[PDB]
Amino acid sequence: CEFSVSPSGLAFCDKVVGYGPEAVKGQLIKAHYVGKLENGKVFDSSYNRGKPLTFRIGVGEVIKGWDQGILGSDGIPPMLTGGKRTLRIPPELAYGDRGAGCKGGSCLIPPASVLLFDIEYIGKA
């Protein structure tokens, strides 16, 4: 997957282009996903949770990289219903130098982590 890198650093590649309409700002949608660090370590996945993630897109309910990465931004077209997209998210658009899933200074997602997600946009909820 050759990434297309947008002005902000958020990069993507559409492994499978959706067959339906583009994602819409403020809509409740469903998405399956696998999030990994750059060393291949899986830090979270819908599959591990046993259910897709149901959330509204474009209103800050998830990291900025997901809002921009799914709804689109400068240099980033929107995902389409039924699409599969890989996203490379710089820390600035994820959890920053703070990290996530922390126990003291040790975090599941280390500070300044670039995150990789394989996103399956199922469609609206």
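In this text, residue numbers run from 1 along the sequence as written.
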Checklist entry - Which has higher Cα B-factors on average according to the PDB entry: 100-108 or 8-16? => result 100-108
Item to check | 91-99 set against 26-34, stretch whose average Cα temperature factor tops the other in the entry | outcome: 91-99
Checklist outcome for this item: Among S46, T81, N39, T86, the highest C-alpha B-factor in the PDB entry belongs to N39
Checklist entry - In terms of the chain's CA B-factor thirds, is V59 lowest, middle or highest? => result highest
Checklist outcome for this item: Here the Cα B-factor of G69, set against its chain, lands in the third termed middle
Item to check | Modelled-residue ranking by C-alpha temperature factor, third containing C1 | outcome: highest
Checklist entry - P77: which third of its chain by C-alpha temperature factor? => result lowest
Checklist entry - Lowest, middle or highest third of the chain for the C-alpha temperature factor of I119? => result lowest
